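A quick write-up on the structure given underneath.
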Amino acid sequence: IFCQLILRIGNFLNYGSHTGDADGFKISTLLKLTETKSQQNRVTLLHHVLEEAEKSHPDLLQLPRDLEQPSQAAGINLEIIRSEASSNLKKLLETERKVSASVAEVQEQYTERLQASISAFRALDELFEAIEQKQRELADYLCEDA
Amino acid sequence: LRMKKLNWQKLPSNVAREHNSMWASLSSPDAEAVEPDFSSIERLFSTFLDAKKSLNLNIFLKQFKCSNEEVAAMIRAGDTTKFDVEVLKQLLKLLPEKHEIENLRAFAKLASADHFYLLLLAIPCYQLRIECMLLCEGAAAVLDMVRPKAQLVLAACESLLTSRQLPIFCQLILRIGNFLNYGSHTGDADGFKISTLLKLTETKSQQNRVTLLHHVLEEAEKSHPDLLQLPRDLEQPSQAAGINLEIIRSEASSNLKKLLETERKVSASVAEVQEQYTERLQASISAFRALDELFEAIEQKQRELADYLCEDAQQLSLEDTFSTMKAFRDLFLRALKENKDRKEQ
Amino acid sequence: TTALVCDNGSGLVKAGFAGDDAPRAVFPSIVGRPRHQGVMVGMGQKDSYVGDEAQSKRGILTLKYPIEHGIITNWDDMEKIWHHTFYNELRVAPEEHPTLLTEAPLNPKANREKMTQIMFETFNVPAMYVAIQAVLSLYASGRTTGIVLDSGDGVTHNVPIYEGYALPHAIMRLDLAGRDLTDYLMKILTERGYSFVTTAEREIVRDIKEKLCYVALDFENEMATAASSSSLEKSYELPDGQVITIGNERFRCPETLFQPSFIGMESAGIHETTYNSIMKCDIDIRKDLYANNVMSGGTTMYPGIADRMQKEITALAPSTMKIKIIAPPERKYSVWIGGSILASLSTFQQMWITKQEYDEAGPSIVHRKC
Amino acid sequence: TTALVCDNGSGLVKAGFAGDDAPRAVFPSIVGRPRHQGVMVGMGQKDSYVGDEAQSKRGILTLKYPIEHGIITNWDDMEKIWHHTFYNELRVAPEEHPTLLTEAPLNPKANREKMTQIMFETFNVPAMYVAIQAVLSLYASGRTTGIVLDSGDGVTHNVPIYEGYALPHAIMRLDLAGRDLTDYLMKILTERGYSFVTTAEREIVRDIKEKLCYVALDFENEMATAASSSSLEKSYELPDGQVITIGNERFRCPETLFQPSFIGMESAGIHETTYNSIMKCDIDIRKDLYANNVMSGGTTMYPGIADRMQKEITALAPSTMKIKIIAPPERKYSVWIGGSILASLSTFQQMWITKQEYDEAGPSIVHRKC
Ligand SMILES: Nc1ncnc2c1ncn2[C@@H]1O[C@H](COP(=O)(O)OP(=O)(O)OP(=O)(O)O)[C@@H](O)[C@H]1O
Ligand SMILES: Nc1ncnc2c1ncn2[C@@H]1O[C@H](COP(=O)(O)OP(=O)(O)O)[C@@H](O)[C@H]1O
Ligand SMILES: [Mg+2]
Ligand SMILES: [Mg+2]
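Residue numbers (my numbering), protein chains in the order written: chain A, 29 to 174; chain B, 3 to 347; chain C, 158 to 527; chain D, 158 to 527.
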């Protein structure tokens, strides 16, 4: 609902120029929605659309309730969480051969400990593949390049 | 009449309507359509040269603070009041091209950048005119700097040839060196290269702080006129270090070659150029003759010096002696302070 | 009509009119705000003080720089500075008054669009152009091909230029500027006892470095000189009337530019940065580029700096190579001077974004027509 | 001959013997002199009550600290304290025992020479060494790489250490410390009606803080809770039998460590100061520093401070980063414990500053080996 309203309003403001009459825009546009200023210089386009949205409370005002989870997800890059899981797994497997070749006194206490941790990470990396599939739909949902 | 423009990353009209794109659903009555207040939204938010050459010419003409007509007279008259060595180089690069002259000839309405070119075109042999005073002013700043270098290296060789302490000093280490290396491949040699003195400090003693140079200086401290008057004679060769004679010789020859080449071009010009620039060029030609003549004296002086040290030719390439001798003198001074410090404490 | 030229720097803002020789209004680029309680009610009070007004009342304010390392961070604070410069210092209506702006090298793509929308919409400027600090710096020195050591307050730069266009592959950058130099002086000033731990007390220690600090040709010789005798000592009087004396700390503050290990940086000195940035160019050009080292910015206005680096570059450069360090006396305001020259050209009017031109393409038009 | 260790603090002097688990003599570093008239005669009277003696008779004495902000100023008072430790508290002969002393970093160079000069001449010790406070603090934990927050009595300093060596370019210093928190307590105690002005009553306010003060986890909630109910109020009995009651003054006193604007200072709190000291280090070693925050000093013992710092550092560091703060129970004597450990090791020998070397460079040899 929100992205349709700005598209309808944005076409009105950019009528007769190179911009305007576009079927869509990138998700970063909303980050520049508050830069446009009105006559008062303190009421932006975001403020004006909220004033008419304040009339219809269920519309355009229930959005921040839905944005709490994406907001909390910011600042957590997946390039260090995926590498860390793989890096620890690689070290565990390399040392798994060493302990196996050692005396059984270490294997009875430490070999089974390593296998417990190795099996635990399997569910961790499996969920990572689920995230990759989930974000693939989201990437095409916003119609943005891979 | 006008609306504030908001910038967005427009998506292509053929991609934003795809099935995966969310904008496809909005294009059809599949969602709850909402309409904004259109009444309030409108009342609340309501030359012939290329740029490379043309612009560079105006920037070149903006360091004089004069009209384009005035600067043309100075070039025609050959005045150098506001023209320097570096300024001329930029003008030499900024010259009319093959396409620039054709466009101008095929032709106020034309911009001020090309206006100077039209005035410059009327100046006869403008290419030769700029080169005439570029060489003369450059030659004036060259001879007065090569000459002190030529005298310094010549004086250093004469002092080194006439030095008295080196025959005494080189004999003492040779006598000592034979004793130190008796019964081995080294030692009992008649002489050694000049680079030997640079490795004197490498021979450490039991204290590990007194070197062979320190010890021979300790015995030389008793006889102050012996082995201690040497640094007084090494001042001139020390200053000559870092000043190679190959660059200064090439520079004099290169400028003379260019000056001689332009001399024919000047002689082929009108008599106006000859009566007030030709005598300037030949004056610099005769001045450089004494410069290269002194170089032959240096070459003769160093030829004796090359055979003075009994070293092979092309191996004692002048600058090698200057660098080694300066380092040897520098190490000599440092050892003297340590020896004096050792005596007092 | 006349065209305004406005230079936005990390430390100072230099603006005025095109065609002149010196900036009309140069003031520090700060926007301070009170940190206390306003007991009196009769006097007029303001939320924020911009420019030299904040510097005068800096005893009761905290000073915040809208620009850090060349990039514009606080975009709402920089809209106050431009308003202050246009309406208070110059006192000229930006309407019917085309302006020119200078942007740092390697400026982020987003910043260029942001400024275009600010001036064209809020200020309603009929025309506007955007230039580069290093390109205008070489124009003011009467040249067109050379390498510029643009060392300002935020970031030090080495931008080799060839026929009016910079070489992006050979542009270097060092984060050893004036702001980092004055913060190192405060750390070593406590070695004698004096302590400065306030932003308002940073301006006081700025003036000590500007007046008393210099560069020594031989670091060891000056190190032994200070220890041997107290001839290097100088006295400076603080605003409150106290007197402070600094000895060997005078020449150790600007020396960090040549031995960056003092401040903890692992990079090389400014002498090596020019040498490294010169090997990325063509071999033939290196002869031309070596004799056109052009200073710029205020951070290079030190005694014996145009000679110290010439001694250093001699060691790095070959013996045959020649070096010509160009240090114009007015290098503090060189960037603005070039902009004034460029805006006054008769043929330069073709490179201006007209108001009707902006009505077709938005802030993205700045990348074109430039 | 066994060695000696004496950690000259701003508020307390902790001295003992090398290898001992605990200091043999800890007494406040205060020298008091009588201010009234000695009417009685024929009795043993002294005018140099120092340390524990001055604390007992503080009603008839003016208590002065010879060390302020970690910098010794009253050098005749420090000689009395050193003589008190060597001959009265420990009963040892200085000329037969090597000594080790501890000195804070970022200290004036003049402080080091004077301290060495007194001990090698007035006391004639055979060997002496000076070590950093934060380096000895990490030796107590057994580590050799970490970041130490040492909030003593006069100064709060942060020294990141790597592989047994400090990082001089990343050390942060804050003048707000324990003593400045005591003075802020008397300022807010006048709100309820209790006035403490005398330096004898200064010690009383110190003991009120050492017992009834704790660090609130959430200042906004704990201030709202304190005004909502009287469940936070405690009681303290003065030496004359009078009782006082403090409510939200319990946690408002140590909160200044995290909001230094309460006492008028401008620098950020210890949580932001520690974070800023990490980013001054290399990015490849920040993994070893973000998980080794080892507090020390007396002032770090407000209950809840360890939890509070972990919460504040977490909001600054990246979410994936691991933050672990070590808070040893014996952090009051951590600086002394490291010194006792170090002096016993045979590696510390052949590193003494003997008498035959001090006269070579005078009091300036302390900088040669420190
Ligand atoms: N005489 C001087 N000696 C030393 N430093 C100086 C001197 N004069 C000015 N400076 C330095 O110049 C700095 C600012 O000068 P400048 O005008 O080059 O900065 P700027 O315009 O803010 O820079 P930039 O373009 O990098 O943002 C000051 O912070 C100061 O340290
Ligand atoms: N339990 C406590 N709670 C709060 N502060 C304390 C506590 N114990 C000691 N302090 C503070 O520690 C300070 C001195 O401790 P210490 O770190 O030994 O000083 P220094 O290191 O300067 O010798 C005192 O000023 C006191 O305020
Ligand atoms: Mg600048
Ligand atoms: Mg301490």
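Here a beta-carbon is modelled for each residue, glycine too, at the ideal position from N, C-alpha and C.
**Report entry** Closest by C-alpha distance to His193 (chain C), when choosing among D:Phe280, D:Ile420, D:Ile224
**Finding:** D:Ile420
Report task. Could you tell me which uninterrupted alpha helix (DSSP H) segments, each at least 4 residues in length, are contained entirely in the segment 131–169 of chain B, listed from first to last along the chain? Result -> none
Requested in this report: Under 7 Å Cβ to Cβ from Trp509 (chain C), same chain only, skipping five residues before and after it: list those, please.
Outcome: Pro255, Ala284, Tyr286
Requested in this report: Starting from the N-terminal side, write out each stretch of the alpha helix (DSSP H) that is 4 residues or longer and does not extend beyond the segment 74–108 of chain B.
Outcome: 87–95, 100–108
Query raised in the report: Should residue 103 (chain D) be counted as a contact of ligand 3 given a C-beta to heavy atom distance under 6 Å?
Result: Outside the modelled stretch of chain D, which goes from 158 to 527, sits residue 103 (chain D), for which no answer is possible.
**Report entry** Continuous alpha helix (DSSP H) assignments of at least 4 residues falling wholly in the segment 384–449 of chain D
**Finding:** 406–409, 427–436, 443–446
Query raised in the report: Does DSSP classify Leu283 (chain B) as helix, strand or coil?
Result: helix
**Report entry** 7 Å Cβ cutoff met for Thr339 (chain D) and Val362 (chain D)
**Finding:** yes
Query raised in the report: Which runs of the beta strand (DSSP E), 3 residues or longer, sit entirely within the segment 253–289 of chain C?
Result: 256–260, 285–289
Query raised in the report: Does the distance from the C-beta atom of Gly455 (chain D) to that of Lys481 (chain D) stay below 7 Å?
Result: no
Query raised in the report: Using the beta-carbon of each residue, which ones in chain F are nearer than 8 Å to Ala327 (chain D)?
Result: No chain F appears in this structure, whose protein chains are A, B, C and D.
Query raised in the report: Start and end of the beta strand (DSSP E) containing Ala33 (chain B)?
Result: Per DSSP, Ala33 (chain B) belongs to no beta strand (DSSP E) and is neither H nor E.
Query raised in the report: From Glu248 (chain B) to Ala267 (chain C), what distance separates their C-alpha atoms?
Result: 54 Å
Query - Simplified DSSP state of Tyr296 (chain C), which is helix, strand or coil - result: helix
Query raised in the report: Regarding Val492 (chain D) and ligand 4, is the C-beta to nearest heavy atom distance less than 6 Å?
Result: yes
Report task. Give me the Cβ distance between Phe156 (chain A) and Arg93 (chain A), rounded to the nearest whole Å; I'm assuming they're in contact under 8 Å. Result -> About 28 Å; that fails the 8 Å criterion.
Query raised in the report: Among the residues of its own chain, which have a CB less than 6 Å from the CB of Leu170 (chain A), if the five just before and after it don't count?
Result: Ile55
**Report entry** chain B contact residues for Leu324 (chain C), given Cβ-Cβ distances below 8 Å
**Finding:** None at all; the shortest Cβ gap to chain B is about 15 Å.
Query raised in the report: Are any of the Cβ atoms in chain B nearer than 7 Å to that of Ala50 (chain A)?
Result: yes
Query - Distance, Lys526 (chain C) Cα to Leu93 (chain B) Cα - result: 29 Å
Query raised in the report: List, in order along the chain, the chain D residues whose C-beta lies closer than 9 Å to that of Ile108 (chain A)?
Result: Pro475, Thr477
Query raised in the report: Is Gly44 (chain A) close to chain D, meaning its C-beta is less than 7 Å from at least one C-beta of that chain?
Result: no
Query raised in the report: Does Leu502 (chain C) come within less than 7 Å of chain B when only Cβ atoms are used?
Result: yes
Query raised in the report: Does ligand 2 have even one heavy atom less than 6 Å from the beta-carbon of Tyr371 (chain D)?
Result: no
Query raised in the report: Nearest chain A C-beta to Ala518 (chain C) closer than 7 Å, yes or no?
Result: yes
Query raised in the report: Can you find a C-beta in chain D that's less than 7 Å from the C-beta of residue 176 (chain A)?
Result: No information on residue 176 (chain A) is available, as it lies outside the stretch 29 to 174 that chain A covers here.
Report task. Compare the C-alpha of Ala474 (chain D) against each of D:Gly495, D:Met436, D:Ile427, D:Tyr351 and name the closest. Result -> D:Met436
Report task. Would you kindly check if the distance between the Cβ of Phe408 (chain D) and the Cβ of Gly426 (chain D) is under 7 Å? Result -> no
Query raised in the report: Would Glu278 (chain C) pass as a contact of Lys6 (chain B) if the rule is Cβ separation under 7 Å?
Result: yes
Query - Minimum Cβ-Cβ distance from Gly350 (chain C) to chain D less than 7 Å - result: yes
Query - Alpha-carbon to alpha-carbon, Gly103 (chain A) and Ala472 (chain D) - result: 11 Å
Query raised in the report: Leaving out five residues before and five after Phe30 (chain A) in sequence, what residues of the same chain have Cβ atoms less than 7 Å from its Cβ?
Result: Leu88, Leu91
**Report entry** Residue burial classification, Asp32 (chain B) (beta-carbon count within 10 angstroms, cutoff 16)
**Finding:** exposed
Query - Which listed residue (C:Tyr351, C:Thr457, C:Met422) has its alpha carbon closest to that of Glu406 (chain C) - result: C:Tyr351
**Report entry** C-beta neighbour in chain B for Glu154 (chain A), strict 7 Å
**Finding:** no
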